[PDB]
């Protein structure tokens, strides 16, 4: 009966000179700490129990107390940064790393989990886990011919802890640690479990959330095709990180973006840009905006795949954040596109929704839309068709909105609107 002990009884048992009494008390603590209703983490810490648990981690001759203390410490470290810090300050990192080699799979699993919480606290504890040498034994746990022979929960916990070692910025993880982990991530990205795939995609998204050199580290491993494939999955927990990673990658160079395009990503965007999940729509439109910011042949790929009508649709009706991303995509398109591509954009019906968005209470989207309109007018000048465009804008109510903006708080807004009026509506 280790259920519902008091902290005082736990302390009494752990302070006894009896390994079995200590084990029973440690299990009682584990059971307190594993209730969903307000576990008494701070009371356990204040009783001074963390150093005892950490020392129990080293009792190789009593594997059960290793396991119970590992679990208790896992749950303490799952709390606030101060509680995780309490676990770290007790010396838990090297003890858990030692436990990674345990012959008992449930114990090494618990150590993996604990290190995942510790590293998940943030950059400093992540890098400290790395400095203590966690990566080699973690990756050794996955050095088997077929991942399918590992227990599903075991593999999921390993994948999750590895993704926390890839997570956070300021600073990003050490480059050598990323290179050490990446091959195993690539292998996990081809495993058939949805949670393993989701967390692998999240790790990749972390590693691609940085400067072009980090993106290049990832892209060099050849994972973009697999990311596109996963972009097509039915499980939303997979699509979300796959799309995040793809978008991060297309914030890179035009060559990295091109690798996304070559893998066939654009063919998925008809569904992504109409996805019933608002966040998928937003992130797909953001990705598109960073593709229409590229080369004219890449804009042309967007055209060929039939995606301009979908951008018109998102501009016409979507969550406002998605509409703002769509306005960005349009401004990038018009800034980089040929005259013919901008003409095509107009023929797909961009003008009316663009104008309708000018009555929004967001200054940035107004600036973006006005820049787009200026680019389109420039193309029209190049064609000698500025009057056609003026009439089109006037017929849908855009001229009223622009003249109203002439008298707007922001400086860039009123300057750009007055310029447009004076230049094309006089």
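Numbering follows the first chain given and starts at 1.
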**Q.** Of 127-135 and 97-105, the stretch whose C-alpha atoms average the higher B-factor in the entry
**A.** 97-105
Q: Check the entry's C-alpha temperature factors for 327-335 and 118-126, then say which stretch has the higher mean.
A: 327-335
Q | Identity of residue with top Cα B-factor, from 251, 258, 170, 275 | A | 170
Q: Check the PDB entry and point out which of 262, 89, 209, 319 has the largest C-alpha temperature factor.
A: 319
Q | residue 202 - which third its CA temperature factor falls in, relative to the rest of the chain | A | lowest
Q: Classify residue 78 as lowest, middle or highest third according to the C-alpha B-factor given in the PDB entry, relative to its own chain.
A: lowest
Q.
Using the temperature factors of the C-alpha atoms in this entry, rank residue 188 within its chain: lowest, middle or highest third.
A. lowest
Q.
Taking only the Cα B-factors deposited for this chain, tell me whether residue 305 sits in the lowest, middle or highest third.
A. middle
Q) Which third of the chain does residue 295 land in by C-alpha B-factor: lowest, middle or highest? A) highest
